[PDB]
Every structure is written in structure tokens, then in C-alpha cells.
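Working notes, structure below.
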Amino acid sequence: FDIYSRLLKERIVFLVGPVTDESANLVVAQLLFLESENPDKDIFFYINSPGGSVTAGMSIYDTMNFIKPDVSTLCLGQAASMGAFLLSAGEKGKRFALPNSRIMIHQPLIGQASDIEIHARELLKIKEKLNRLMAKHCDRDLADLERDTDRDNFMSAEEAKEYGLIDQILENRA
Amino acid sequence: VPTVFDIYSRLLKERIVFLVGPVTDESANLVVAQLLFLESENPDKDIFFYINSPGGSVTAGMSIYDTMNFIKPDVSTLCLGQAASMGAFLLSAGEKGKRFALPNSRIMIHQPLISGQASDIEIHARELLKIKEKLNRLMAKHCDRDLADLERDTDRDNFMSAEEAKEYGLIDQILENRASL
Amino acid sequence: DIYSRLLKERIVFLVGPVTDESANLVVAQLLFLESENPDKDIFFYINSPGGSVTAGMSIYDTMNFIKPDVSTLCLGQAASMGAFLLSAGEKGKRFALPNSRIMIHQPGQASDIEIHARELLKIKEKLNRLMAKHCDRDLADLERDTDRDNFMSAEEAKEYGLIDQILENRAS
Amino acid sequence: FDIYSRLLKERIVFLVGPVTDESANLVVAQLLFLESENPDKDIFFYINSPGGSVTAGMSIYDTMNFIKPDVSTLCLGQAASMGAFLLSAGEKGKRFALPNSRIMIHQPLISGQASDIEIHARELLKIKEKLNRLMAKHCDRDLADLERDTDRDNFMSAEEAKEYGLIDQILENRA
Amino acid sequence: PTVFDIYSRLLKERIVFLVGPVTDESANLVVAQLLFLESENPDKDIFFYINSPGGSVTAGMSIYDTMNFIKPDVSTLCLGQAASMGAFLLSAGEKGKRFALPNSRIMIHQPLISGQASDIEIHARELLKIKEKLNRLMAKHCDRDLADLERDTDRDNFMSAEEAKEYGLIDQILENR
Amino acid sequence: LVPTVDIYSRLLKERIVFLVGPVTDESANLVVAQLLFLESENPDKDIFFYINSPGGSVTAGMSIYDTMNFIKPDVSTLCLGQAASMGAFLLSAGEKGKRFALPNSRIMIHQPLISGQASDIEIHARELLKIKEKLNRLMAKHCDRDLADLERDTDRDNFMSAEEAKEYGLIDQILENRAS
Amino acid sequence: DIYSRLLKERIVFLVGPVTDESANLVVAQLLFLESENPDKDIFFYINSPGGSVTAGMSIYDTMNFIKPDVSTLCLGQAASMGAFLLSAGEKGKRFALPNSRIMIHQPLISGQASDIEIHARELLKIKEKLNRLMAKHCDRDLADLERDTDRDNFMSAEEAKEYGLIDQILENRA
Amino acid sequence: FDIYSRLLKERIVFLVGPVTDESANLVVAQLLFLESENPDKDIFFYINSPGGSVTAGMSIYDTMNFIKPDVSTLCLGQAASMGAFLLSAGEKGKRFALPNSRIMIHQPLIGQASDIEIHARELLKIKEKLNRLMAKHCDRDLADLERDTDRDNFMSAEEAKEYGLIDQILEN
Amino acid sequence: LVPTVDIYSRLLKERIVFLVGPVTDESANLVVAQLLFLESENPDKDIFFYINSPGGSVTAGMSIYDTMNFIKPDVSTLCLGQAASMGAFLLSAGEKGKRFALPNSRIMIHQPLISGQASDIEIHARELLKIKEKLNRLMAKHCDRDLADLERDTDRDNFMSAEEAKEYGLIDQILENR
Amino acid sequence: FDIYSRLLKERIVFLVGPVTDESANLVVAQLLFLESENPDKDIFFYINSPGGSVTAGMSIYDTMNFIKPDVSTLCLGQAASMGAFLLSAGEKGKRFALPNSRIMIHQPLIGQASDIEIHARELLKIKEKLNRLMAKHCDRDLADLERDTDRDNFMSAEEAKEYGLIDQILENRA
Ligand SMILES: *[B]([O])([O])[C]([C][C]([C])[C])[N]C(=O)[C]([C][C]([C])[C])[N]C(=O)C1=[C][C]=C(O[C])[C]=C1Cl
Ligand SMILES: *[B]([O])([O])[C]([C][C]([C])[C])[N]C(=O)[C]([C][C]([C])[C])[N]C(=O)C1=[C][C]=C(O[C])[C]=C1Cl
Ligand SMILES: *[B]([O])([O])[C]([C][C]([C])[C])[N]C(=O)[C]([C][C]([C])[C])[N]C(=O)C1=[C][C]=C(O[C])[C]=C1Cl
Ligand SMILES: *[B]([O])([O])[C]([C][C]([C])[C])[N]C(=O)[C]([C][C]([C])[C])[N]C(=O)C1=[C][C]=C(O[C])[C]=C1Cl
Ligand SMILES: *[B]([O])([O])[C]([C][C]([C])[C])[N]C(=O)[C]([C][C]([C])[C])[N]C(=O)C1=[C][C]=C(O[C])[C]=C1Cl
Ligand SMILES: *[B]([O])([O])[C]([C][C]([C])[C])[N]C(=O)[C]([C][C]([C])[C])[N]C(=O)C1=[C][C]=C(O[C])[C]=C1Cl
Ligand SMILES: *[B]([O])([O])[C]([C][C]([C])[C])[N]C(=O)[C]([C][C]([C])[C])[N]C(=O)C1=[C][C]=C(O[C])[C]=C1Cl
Ligand SMILES: *[B]([O])([O])[C]([C][C]([C])[C])[N]C(=O)[C]([C][C]([C])[C])[N]C(=O)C1=[C][C]=C(O[C])[C]=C1Cl
Ligand SMILES: *[B]([O])([O])[C]([C][C]([C])[C])[N]C(=O)[C]([C][C]([C])[C])[N]C(=O)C1=[C][C]=C(O[C])[C]=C1Cl
Ligand SMILES: COc1ccc(C(=O)N[C@@H](CC(C)C)C(=O)N[C@@H](CC(C)C)B(O)O)c(Cl)c1
């Protein structure tokens, strides 16, 4: 059993690199597994991601919120964009980041003019929805979210804790 | 893929079928194969089909569609991430009462897209018109509403949250966790 | 050359993609015909499938700015911006050849894309409104008739008010 | 065991996508193993093919009518061009199409010195004349009708193909 | 070669060339010539020499209408080939003054093309309108009934100068002056 | 491809100088040349600088800008089609009272743009910031405005109609024809 | 320019391949010389490997249509369609420099089967027509041309003169 | 049990080639596994790397310092930039290079003016952070790390010993 | 592409030489030609060299430099836009008393940039280094600045404003209007 | 077992083709595991390589001496640049070549002025380092080695032997 096959036996799941349909649904399949083999031990999601497909990241997000085991998120390397979004979305009290991590949040990115308007209102709805869910994960005013995702918002783990995006900083096991 | 059996296969043993990414004859027939396999394994229990797709080829999706229904097993559908175009068509094509979407998933519907002689172009454009009309009709049957709504609403990209699609008739229930049942 | 000669007969050509360079070339010709004589008609010949909006607007505002009455003639095709500039000719002096085709249709961070989509809709309405003026028609009719590609014969573009008359031979 | 090997344990064979030399010879090999395993139970050839190489598909054709077990075809998604041809040649009374399938029959598409061109064109017209023949045999249709109805892309639904004689019956559910 | 270049010298004979695919460039160049020669003298014939595979339909119609608009009769001469739009503009010449050289070939075929279903429909229906209009016009030129053009153009129809002259597509096959 | 009578040469002694498409060292310097030419022929007649540009290099644009302020003629600007970014920086740079625009032109203004070692990227960013502030202040002088208005209004793409660019102070008038 | 000077002396070149444009440039020079003096011969210098059959028949039928006799001279080479145009100069007036190279072969190229049929039939019409015309140029039987164009047939100026292609090989001015 | 698996068995982990998001996570997973096998027996980390991404390197860094086992580091061939960061991050007393392995330290090196200003602030912060951590691994001032890493600073194994970069160089 | 009245010849009639863009062989030689022709046409009048350049090759620039010093006429430099790298070196090489810049022109100076066997590489690096130190030589001369000042101020990009360029010694005055 | 694992059982490690970091480190790994397997058995390093990354070559080199077993090197086909260096690195007394092999030795080959100064100085330091280690492998005067590495110096197996690079040439098993 390959290194990840074993580390999946201590209920450790990883997210490395961008969040694509395939990387996301792989995370999702691993989560579903670890629940079906025990829906009451907590699952540990280690995130090192720059972000990626919002739809792909939402597959994960909704799966975490769906499954019975608590999903403890830990950011190593970087949790930027949807990576930061899935890090903040851990079970409250159970969100973590290594000391030298870095968390980055920002508003989203990227036919007939009719279709331009369609997709534009839709992308602004995505901006809205994400700002609200992030204010939730952080217990902050929606206004705080909108104002703090306008451009690139980089965070030491200290800042993301204070900002409420994570629960604690972990130098080591103690 | 990590081995545990590998992960998609271990979930296969929970009757979990995945469709990830766009619809190609390739992945469409892979999914068709898994569904026929789960019926040859258990022609009675429910097959659980997970959708995270932007759409794709129409006949590729029709092959899956026809694998559904035909098989005695009920194919429950659950969208995660996204299920647009033919993805939404299939999501609405699940066994009635067994079509679902997670809370923050996104469902989009739109008219059929395209990637010689005037005779050939006439022929194939009218073919596309019959296809667009057949799709509108089947979708009106999946959403249990009239047709006119489907033609008006699929003229341009029509996006919907998990709740607008349920009120449309694409799915039947939203699920936050298993308790939501 | 041939085009400088026809120019000396006050005939300006628009051919193909309305771009910055081609539109402003037409603009230089317009100002030079007004220079040489600000009181004789100009004859603007259009076979264009459209192009840049601001390019075409440089032209539009010039045609309306200069003292000469600018007549227009569509040959082959006038599409999008081409159809717009064909509509923009001096009223009573807009023409097309008996087998021309006139065709009208609509045109970073999420903050930026909001800015630009709002801009694009502003442009869409601006064009619908000017176009309705030209044809003397309802903005609500322009909206409906430019929603997808709208192809029109010379007879149809005439009844629609895009053009005044069809020129078969030089018997008006 | 992978998914397709397990499904071969059901005597189920697929042609997915274009008919190439390989993608057709693989099908021929599967039709062979099913005859070795058990030369009397029918094989069920499942067809979702846009058509393509006529030699590659002729291997499958001659193979279908060569082996002893009856071969029952099924159009899912699409049987276009040589797809529609092989679907048409399944063991008679055993040619089926799913209800929302689509079938298309056409004269052959395709894309040196004048003597070369003169050789190759007269090979292609002979092909074009062979294919309408074997189709008129498969559909119990006239040959003239196949000639006409293949001039350009003739599109037919499962019922239209059943009415042409291309398939025998449509299948909705297990029934 | 400078003789002015060669083509301007022959323009001083009212000789206008259409060589190669009918683009927008080339169609408007021919149109500008036609107008220049009517400006120079609106009563001497213009001589339009066509060797083209065809091209853009609307480009070619910019020429087709300029011919019937300018005062000069426009005599057409096929040398080499006049195919598709070439043959059409060739048969568009002033009747009695349409000519071909004896090894010119002439070919007529139906129109060709290389988004949303609603748009694909509009453009396919438009192309059908094109096909039918062009068929009626070719029937007028060749003095044929429309069904005959519909029938004789469904695929590629090649034609010798004898075949062409009979098809009413031209008036004479000129060996020499 | 420019017809002889070439046509822009002819116009050049209507003292009309064109700027079209991007502002580059080459095209900006060509305008720079035309300006000195018109001044030499007559350093007491107005020049009519017509602009249909989406902008470009800022040093290229400053060529035209600082030349505009150095010659003796009044450099009356006009916009047709679009003057965006530095193209809009120059339209507002015309002699006050002589900056105009046609009815359906489009102005747009926004902050700077851009397509090594930390120490080097440090320096390049510092200069880009000096230039954002420089552009903002000079812009603020052109529309007779507060520098803060310009920082606010140029943070992203600010599109303006001719009325809006007028009110903003970029242009002085809107011209529909000769009676205007 | 040198070539306009030479045009003054009624020499029309044909260098490189024979496209629609190069062939039309030659046709236009033919007409300009004829109009300028219809009763003086025109000298047509061919160094060409051949090319577009239709662009070639433009030059062919045009040489035949203008009053002036068109003498043809082969320097370098006249291949496939170049050779055919060489053999088409006014009978008695077709020449080649001593170290010329002539080549003649049947036509070649480098859709639907019904369309393909139509196209092949037309290609064969062209082949037969060209063999008939070439045979008339050469005063040979048609079967002679059929057999001898079946593949690439190479001829020295010598051999081109026997076959019926040219009339005189030209060593020096003597 | 392929060569690298067999060598993993007794707590040998290789970082070979650049520090990417994936090549780093593999070493991180190996460190976690070797701890899950025994948090009390040391882990030998073999480094032949030109460097790589900074995020991916701090992931391994904090994984090194978090887990219970001492992480000893061993440079073979080269440990440049980030490779030399993690080589210094080895448990003090337990950092080694081969005799002819070569070390290099350098300062880091890689929209609108706003976004540029932001990312520039972030990179200057990253540079500062790394210089401080490096000041402490070596016993050296922050001034020493600012000055000495201004450009590519090459080190023999011995000079690196001097610098507090490693502890000992190993012959046989 | 370039209007006749072409305009560049016509400003040459006024002793205006342009350097626009990167210093290449062909552009630097196109400048050398104009300096020689204007010295021949009248060696008793100033030539006006207008620089808007990011810089470029150092030998190509040295040709212009040595030509500025060879001929008799005072070559008066004017920065417009930017005179970066070599362009700045040229601008500073103008006759002392006749070097100017338009007020929003930006100036830049830095050390030489560049973009086989070990022997060959040592060899070429030696030639990059005497080049760096010779450029510092000449620039400290033009600025009436000591050499160390230049060696220090060119280790990385040093952007300067018109006023800053004046204070350095790179130009003499700034021009707003005549 | 693949064939290379089978021969690795016999304690044979190949260096074939270029010396990249990946390839050199795979050879390092095989050396280490053969030591683990048995540190009282010698290792057979089969070199048919043109050279590669000097640093990767050094990674293998510093291994050879450090592990306990004698690392014998055998040049078959060729050993050039870094391959030849590692060949000369075999346990002194155990550096072999095949008869039709050959050896090649030469000098190392391949921003701002300061950085190029730095990298230059470094490259010349690598040069000196390598020359001195060479003189040590072959016991020759350092003068020889640098003067005998100014450009490409080719050697038969015999020439390598008299040079000190290798020790024995081998015809057959006898
Ligand atoms: B992150 O950099 O992954 C960021 C997610 C934020 C909102 C937490 N990503 C996006 O916003 C992405 C950009 C790339 C990283 C993929 N944007 C989209 O995925 C995307 C793409 C296409 C469309 O069309 C509507 C929408 C979106 Cl939202
Ligand atoms: B959707 O993006 O999945 C859409 C199908 C919906 C309406 C259920 N996709 C298509 O319609 C595709 C477009 C590409 C994105 C693949 N269209 C076709 O596959 C197609 C192509 C050609 C013809 O007739 C010639 C019909 C069709 Cl349906
Ligand atoms: B169909 O698209 O499967 C069609 C075959 C039908 C009529 C049963 N395909 C072809 O006819 C192919 C065309 C390409 C799409 C591959 N044609 C040939 O393979 C071909 C090529 C060459 C010749 O003679 C030289 C004959 C043929 Cl049949
Ligand atoms: B011929 O191949 O030039 C043919 C002319 C006659 C005989 C019909 N040309 C065309 O049919 C052209 C196609 C060429 C580009 C190959 N048709 C058009 O250009 C065309 C097609 C479709 C539409 O409507 C979208 C417009 C036009 Cl202009
Ligand atoms: B506009 O997009 O034309 C804008 C001008 C505004 C800000 C007045 N142009 C730019 O911002 C350009 C964009 C690039 C295409 C070059 N930027 C510059 O011109 C520029 C930016 C920064 C620096 O040095 C840091 C030099 C230059 Cl020339
Ligand atoms: B010669 O090699 O140029 C040869 C001329 C004769 C003597 C054989 N050239 C051709 O035959 C050319 C082929 C290429 C050299 C261009 N043939 C054609 O141009 C051609 C081929 C086929 C058709 O029918 C569609 C028309 C034409 Cl014009
Ligand atoms: B070394 O070349 O590996 C070096 C590490 C030290 C000694 C400074 N690497 C970096 O500095 C890397 C640059 C490249 C390797 C890509 N820096 C980054 O990766 C980096 C830089 C800046 C930002 O903020 C935008 C993020 C990152 Cl991840
Ligand atoms: B500047 O970027 O123009 C700079 C000149 C000054 C400020 C130092 N030019 C260069 O550094 C160029 C690099 C290219 C961008 C042209 N360097 C040279 O031209 C050069 C460099 C080194 C040597 O000797 C090895 C000769 C030359 Cl000509
Ligand atoms: B041989 O061609 O393998 C040769 C080895 C000896 C005999 C000199 N290889 C090298 O010299 C290599 C060059 C190429 C193979 C890439 N030198 C280096 O790899 C090298 C050179 C310089 C520096 O410092 C910047 C590092 C490296 Cl790794
Ligand atoms: C960002 O703001 C914008 C948005 C759009 C444009 C623009 O050019 N639109 C153009 C699109 C393309 C030709 C490029 C456009 O719509 N052209 C059409 C004109 C009319 C009838 C709507 B017809 O295709 O020429 C422009 Cl500058 C600026």
C-alpha cells in the first residue's frame, strides 16, 4: 500500500496543488471512505493548495459538512483561495495551521452581451456567497469579508487565527 | 490512486459511481459499464451516482441516460460541485424521488451547443433543432413542469443554486448531512 | 492610384474589418473631403462585416460632425458595425445594391468584470438607441431584432428604415 | 479483474468511439474469446460508434457472421456510419436500439498521378456499392433505396431505423 | 513590370482582372476599377477577365451589382477557369458579350461553409436563402428554369467551353480575334 | 495602404496630428515629431491633436505630454472613438478651454499597469508607485480636481461618457458638429 | 527595372512556378505587347517546373488568342506545364538553349465518394485533353503521348527536338 | 520492495530535484510515516536539491520541527537555496554535508499598481522572515544574513561548517 | 508609415537627431550617419540629439559616444520620456552646458546586464568586468562625481527624476517651455 | 524482477547515459542498499556515460568512498567527462575498462555583472577542484591534468591505463 494508502489509515487526507475536478473528487472519495469505515473518528485534512475550481472546491466543502466524522483541517505550505476556504471550513475548534504557513483570501477571478451579463451576475453571486460563508467560518461581519477579500489578502497563521479563519497554531505535538 | 483495492473501487463496493469532469464517449461508457456492473451485482438495490460535471456530448450522455431507467436498479443521483448542461440533464434524469444536490452545488441548464454544402448544413442544423426540442421535452418531463418553461429558460445559460433547482424540479431534496433526512 | 482617383470623385471606401487604422483612415479621408469642399456630398462605400465599436464610433461622430452630407452605399454586405454605419448615412441618401445583405446583432477580479460587463451593457443600449433613431424605430424593437443575428435583404432593410432606397441601375 | 473483464464474464463487448484498426481488432478478439469460453450462448455487441475505417469494421463484420454464437447488437448513444452498419448486421431478430439512441447512414466520406487517383476512386465507388448492397440485405430493403438514402447523412431514430429494417426492436426497461 | 504597372496599362484598355479567390480585397479592387472606367468614359465597353476559383459570396456580389449599375456594358472573358463565383460573374456579363477561351473550364456547385442551436438555425436558414437566390439568378443568366439549376448544381458540375456556351453561361467561345 | 493626394501628410498642415492605437516609443515619437514640425512652420497657430488610442507605455505617453507643454502653439485635443488610460491622460492635457470630444467617444482612466531578485522587484515596484502618484497629481491638475478624487476614481477602470468626462474636468466641451 | 526594359524588346519571361498570379502577369504582358504592336513577334522565355493547369491554360489560350506569333525559348528547364507551354509557341519558332532540361508527365495532385467520382472523372478529362493538345503540338500520335507521359519523362534539348516539342536548339547567335 | 522503499524502511528520506508542492508533500508524508512508525528514532534526510518553491519548503520545515524524531540532514551533490534552508533546519548537532557537496544561499527571486504593491510587500516579508530564521539556525546576526544573501553566495562544505550552516562534514 | 511634408528627414534639416528605442547596430549606425552628415553640412552649428531609449548594446552605444566626441559641433542632448541604461549614458555624454530633459522624463542607470568551457567563461567575464568599470569611469567623469559614487549607485537599477538627474550631474538643466 | 534488479542482486549498479540528479541519486540509492544488504561484499559500478551534472556526479562520488565496500568501476563503451571521473573514482586497484571502450576528459563547460562574476568565479573553483581530484585519482602532476584538460582528450582503455584513470583492461573471463 503506497505511502498515502497507509497515511489514509490514520485518517489523514491530503490536498496538494490546485483544486481541480479530479483532485477535489479524489479528496471527496477519500472522505467518504474514511467515514464508511468509521463515521465517528475524526478525519484529518491536510491542505497545501493555491486554490482552484470553485465548483471543485465546493464538492469537497459540502462533503465535509455532509459526513458525520469531524473534519480537522491543517494548513501546511499554503492555503490560498479555495484552499484557504476549505481550511476555514473545518469543524470549529478543529482548524489549524503550521507556524510558518500562509493564508491568502481574495474575491474570485477569471458570447453575446446577454450571456456576458448572465455570467457576470452569476460571478458576483459567487463573490457574495463566498463572502458570506467565509464570514460564517470566521464569525465576522459580512462587511469584514467583502472589505478583506477585495484584493490579495495574505496572512501569517497568527493573522488567520486572530481573523478567526483557524482555531490554533501548532508548532508541534505539545 | 491510493490503494485500500483502490479508492474509487472501494467506493464502487458501496455502489458509488462517479462522473467527474465533462461528458465524453470515453467517460460516458465507463459510467455505463459501472452501472451495468452494479446491476449484474445487485439488480435490486439502489445505485448511487455522483455528478461533478460541466456537460458534454449529447449522444454520450444519452447512452448513460438509457442505461439508467432500462436497468431495474434505481439510480439515485447526487450533484456535487457542479452539474451543468448534460450533467444537469442526467441529474434530473435520476429515479424520481432520488435526485439530490448538496447545499452549495451549482446547476446550470442551456440549449445544445456546437463545437460543407448548403445541403449538409441544412441537414445537420435541422438535426440539432430536433435534438434541442427532444432535450427540452425530456427535461420538462424530469422537472415535472410544462415545456414552455424549458424552452424559455434554456435559451441562454440558466444557473441555479441547490434550492432553485429543487423548486424547478431538477432535484427533489437538498442534504446538509445525513441528519437532513 | 485607383482609390485616390475615386477619392477625387469624393468616394470613400470601407472594406472589411472596422479597425483603429482603417476607421481612422476613413476619418482622414472624411476630413480631407470637407477640407477640399465643405459643401459637396461625400459618398461612403461600405462592404464591411463589422468590427471594433469605438473604431466605428470615431467614424460615426465624424460623419455627423463634418459639414458635408455623407451618403452611404452598401455593396456585398454591411454587418454589425457595417450595418450601423450604413444606417448612419445622411437621411434620404442611404443606399444599397439589389443583392446586398444587411445584418444587425447585439455586441481580472470580479470587481473588474463587473465594471466591464456594466460597460458592455451601456454600449449595447447606446447602440440600440442610436440605431432606433436612425431607422426611426422603437428601442424595444431594436432590442428584440438585434438579440440574435438578424439577416435582411435590401427590401427588408428598407422597410425596417435602415436604408432609404435600393439602387438597381442609376435610375433612382 | 477490471470492470471490462468482469463485464466480459457477461459476454458483453463494446465498440466505443471511432473504428480504427486496433479498436476494431480488439472487438474481434473479444468476440473470439467468448466463442472459445462458450460457443453457444449469444454475444451481445454494444455499439456507441460514430463510424470510421471501413476495413477495420469489415474485420468485425466478417467476424460477427463467422463465429458460431449468435451476435446481438445494441445501439446506445449512437450508431453512425459504420457503427450503423455493424449494428445492422447483428444476428437477425437480435438487433436492438435503446429508446433515445441515434442512427445515421451515409455514403462514404474520405478526407498522386491521374492513374493513381483513377485506381483509388474506382476502388471507393466499388466500396460504396458493396456497402449499400449488404445494408439492403441487412434491412430487407431494396438496394436502390440504400443508394438513395445514403447520398447524404440520413439520420434516423431507433424507431425509424426499426422501420427501415436496420434494427428489430427498441428496449425501454428490463421487460 | 512598369509600363504605371502592367495592369494599369491594360486598364488604359478598359481591361479589368479577377485572378484568384474572390476576397473582399480583390472584390473591392475590381469594383474600384469598374467605377474608375465608368468615370473615365461611361459608354465604352469594359473588359472583365476572370480566372478565379470563387470565394466570398458577398464579396462577389459587390462586383455583380457594380456591373449592372455602371453604364458600361461589362463583357466577360473566362481564361483558365471560372469556378463557383467565377462562373457566376462570368455568366453575369452583358448578354451577347460573354466569352471563354477554348480550353477554359467552368464549374458550378452549390454554396459551402466551413455556437448555439438558435444561432446555427439562423445561419443555416440564411445559407438556404443564399442557395435559392443564387439558383434563381443563375437560372436567369443561363435562361434556364430554376429546377434545372437546382438539379445541375447539387454537387460539382464541371463544364467545357462547349458545355458552358450551351448552358447559356457564356455567349461565344473565342479561338482568336 | 494610405492613399496619396499621403492623406495624413495632407492633414498635417491643417495642423491636425493623429494618435491612433497603442502609445509606443515609435508612435509617440512620431507625434512628437509632427508637433515640432507644426511649431516650426508656425509657432503661433493652434495644433489639433486628435486621439483614438487605448493607451500604452507611460514614458512614451510622457513624450507627447511634455512636448505638448513645451511648444508655443496651443495643443487643442479631441477624442473620437476612445481615449483610454494614457490616451485619456493626454486628452485632459490639452490647452484648457480647447479639450473636446465627439458625442459617442469613450474615455476611461485607471491606475498604472504591468504585464528578478527581491531587491530588484523592490525597486521596480517603488518606481511604479512614484509613477502612480505622479499620474494622479498631474491628472488632478488637469481636471482641476482634488488628488484624492483621482486616487479614488482610478483604482479600477473608470469609463466616462463625454458628458461625464466633461463634468470631471478632463475635457472642456462636447462637439456634435461645427455649430458647437 | 531590367524586366520592363526587356519587355520593350518583346521578351516575356516565366520564372519559377506558374500560379494564378504569375500566369496572369504573363497573360497581361502578352496583351500589352499585342496592343502596343500586334504585328511583331513576342519572345516568351520559360524557365519553369510547371504548375496550375488552369493558370497554364490561361497562358496557352492567350498565346493562341493574340495576333503576334509567340516564339518560346527554354533556358534552364521547362517541366510538366512549362514544357507544355514551350511546345505551344508558334510552329517553327519553338527553341531551347543547348543545356536545357524538358520534362513531361501526366497530371497529379499532392470529400464524398459521389463528389470524389465527379472530381476523378474531371481529372481524367483534363489528362486526355492535355495529351491531345500536346500531341498536336508535337505532330505525334495521341497514344505516343499517353505512353510517354505515364511517368516523368526527361528530355535533353536534343531529345525535345526529336520528339516534336521544339524546332531549333540555339547554340550561339550564329 | 523497490530500492527507495527498501531504503525508506530504515528512516532514509530523499528530497531530490526541485522543491515543488508535490516533491515536498512526498517527503512530508514520509516524515509523518517514519514518526508513526517510531517518534523516538531519528530520521535521516538526504538532500540533493537546487531549491524550489518557498511554501513547499516551509511545509517540510515545519513538518521537520513539529514531529518528535530529530531530523538529521545530509547534503549530497548540492543543497541550494531552499535545499540549504531545510539542511540548516535539521536538528542542531545533526546537520551534515558530504566533502564535495556545495551549498548556496541567496535572497528570494521570482496586474495593476495596487496588486503589484501587495505582492511586493509579501515578498519583502518572506525575505525578512527567511533571513531571521537563517540568522538563528547559524548563530548569526540578522545583519549577516541580509548582507551575505544579497546575491548568490557559494559555500564549500567547510565554509558552511564555519557559518553555522551545518555541524560536520563527513569523509568515510 | 511616416508622413512626408518624410518628417524625420525634415527635422534633420533642423539638426534634430533622434534615438528612439533600443540601441542596436543598425539604429546606432543610423545615428552615426546623421552626426557625420550634419558635421559636414555645417560644423559650426549645434546638433540636437533627442533620446527616448531604454538602452541597448554597449559597442553600438560606444560608436555613438565616440562620434559625439569626435566631430566639431556641440552635441546637445535632450531626454524625452526615458533615457535608461545606455540612453542615459548618451544623454550624460552631451556637451557640458547643453544637456537637458523634459520635466516628466525619467532617467535610469545600472550596472551592465547580460542575457562554453570554463576558460572561455572566465575570459568573457573579465571583459564584462573591465566594461563595468570603464562605464563607471566615464559616467563619474560626465557627472563630475567621484568614481565610488557611481560604482555604488549602479549595482542595481537607480531610477531618477529630471531634478534628481540634474543633482547627480547627469544633465545641466530642465526645460518646461523655451 | 526486472533485469536490472536481478543483476543488482549480484551487486551490479549501472550508470548508463547522462548524469542527471535523478539518475545519479538512483545510483546513490543502489550503492546504499547494496551496503545494507552486505557491507563485506564489493560493488560493481558499470559506467557507459558521457557525463552530466557535475553536482550529481559529486553526489555519487562522495558516496563511493564513504560506504564501506570497495566500489569497483568498469568502463564499457565509453566514459566521458563525469562518467570518466567516476570511473577514475573506483577503488584504487579496481578500476577496469573493456578493450573497445574509451575515455574522454575535458574542462567544465556550459544576469547582472556582479552575478556573472560570482558564477564565473564559482565555475573556475569547480575546475580547480576537479583538476586536483583528478591528479589524485591518477597520481600525475596537476600541471599535466589541467594542461591535459584544456579541451577534449580522448583515450583508449590502454591510454587510460597508462594515464592512471583505470588499472586493468579485460579481454574475457580468463
Ligand atoms: B482561488 O484562487 O482557487 C479562487 C477561489 C476563491 C474565490 C476562494 N479561485 C477562483 O476564483 C477561480 C480562479 C482560478 C483559481 C480557477 N475562478 C473560477 O474557478 C471560475 C472560472 C470560470 C467561471 O465562470 C463563471 C467562474 C469561476 Cl468562479
Ligand atoms: B451541454 O454543454 O452538455 C450541451 C448539451 C445540453 C443541452 C444537454 N452540449 C452540446 O450541445 C454539444 C456542444 C459541445 C459543448 C460538445 N453539442 C453536440 O454535441 C452536437 C453536435 C452536433 C450536432 O448535430 C450535428 C448535435 C449536437 Cl447535440
Ligand atoms: B463512415 O464515416 O463509418 C464511413 C463508412 C460507412 C459508409 C460505412 N467512413 C469512410 O468511408 C472512411 C472515411 C473516414 C471518416 C475514415 N473512408 C475510408 O476509409 C476509405 C478510404 C480510401 C478508400 O479508397 C482509397 C476507400 C475508403 Cl472506404
Ligand atoms: B464558390 O465555392 O466560391 C461558392 C459560390 C457559389 C457557386 C455558391 N462560394 C460559397 O459558397 C461561399 C463559401 C466559400 C467561402 C467556400 N459561401 C459564403 O461565403 C457564405 C456562406 C454562408 C453565409 O451565411 C452565414 C454567408 C456567406 Cl458570404
Ligand atoms: B494605460 O493602460 O495606457 C496605462 C496608462 C495610465 C496608467 C495613465 N498604461 C500602463 O499602465 C502601461 C501598461 C503596459 C502595457 C506597459 N505601463 C507603463 O507604461 C509602465 C509601467 C511601469 C514602468 O516602470 C515600472 C514603466 C512603464 Cl513605461
Ligand atoms: B506539371 O508537374 O506542373 C503538371 C502539368 C501537367 C503537364 C502534368 N502539373 C499539374 O498537373 C498540376 C499539379 C501540381 C503541379 C499543381 N495539376 C493541377 O493544377 C490540377 C489538378 C487537378 C484538378 O482537378 C480538380 C485541377 C488542376 Cl488545375
Ligand atoms: B531558492 O531559488 O529555492 C529560493 C529560496 C531562498 C534561498 C530565497 N527560492 C525562492 O525564492 C522562490 C522563487 C522560485 C524558486 C520560484 N520564491 C517563491 O517561490 C515565492 C515568491 C514570492 C511569493 O509571493 C508572491 C510566493 C512564493 Cl511561493
Ligand atoms: B543597458 O541595459 O543599455 C546596458 C548599458 C549600461 C547601462 C551598463 N546595456 C547592456 O548591459 C547590454 C546588454 C543587452 C541588453 C544589450 N550589454 C552589452 O551590450 C555588452 C555586454 C558585455 C560585453 O562584453 C562581454 C559587450 C557588450 Cl556590447
Ligand atoms: B562533462 O561534460 O560531464 C563535464 C564534467 C567534467 C569532466 C568537467 N560536465 C560539466 O562540466 C558540467 C556542464 C554540463 C554537463 C551541464 N558543469 C556543470 O554542471 C555546472 C557548471 C557550473 C556550475 O556553477 C554555476 C554548476 C554546475 Cl552543476
Ligand atoms: C470592455 O468594453 C468593451 C467591450 C466591447 C468592445 C467591442 O469592441 N465590441 C465589439 C466586439 C468585437 C468586434 C471585438 C462589437 O460588439 N462589435 C459589433 C458591433 C455592434 C453591432 C454590437 B460587430 O461584431 O462589429 C469594446 Cl471596444 C470595449
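Counting starts at 1 for both ligands and their atoms, in listed order. Here is the naming used below: chain letters follow the sequence lines, and residue numbers restart at 1 for every chain.
- Residue J:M134 does not touch ligand 9, judged by heavy-atom distances below 4.0 Å.
- Distances from atom 16 (C) of ligand 9 to the protein include no heavy-atom value under 4.0 Å.
- Proximity of H:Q78 to ligand 9, defined as any heavy-atom pair under 4.0 Å, is not found for any part of the residue.
- Which of G:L108, G:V18, D:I117 comes nearest to atom 13 (C) of ligand 6 through a heavy atom is settled by distance: it is G:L108.
- For A:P18, no heavy-atom contact with ligand 1 is shorter than 4.0 Å.
- Look at J:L109 and you'll find a heavy atom under 4.0 Å from some atom of ligand 9.
- The residue among A:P108, A:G52, A:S53 with a heavy atom at the shortest distance from atom 12 (C) of ligand 1 is A:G52.
- Under 4.0 angstrom from ligand 1, there are no non-hydrogen atoms of A:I105.
- Near A:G51, with a cut-off below 4.0 Å to any heavy atom, the atoms of ligand 1 are 1 (B), 3 (O).
- For ligand 6, one of its N or O atoms has an N or O atom of G:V53 under 3.5 Å away.
- At a 3.5 angstrom cut-off on N or O pairs, G:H119 does not count as close to ligand 6.
- In this structure, of J:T55, J:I118, J:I110, the residue bringing a heavy atom nearest to atom 28 (Cl) of ligand 9 is J:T55.
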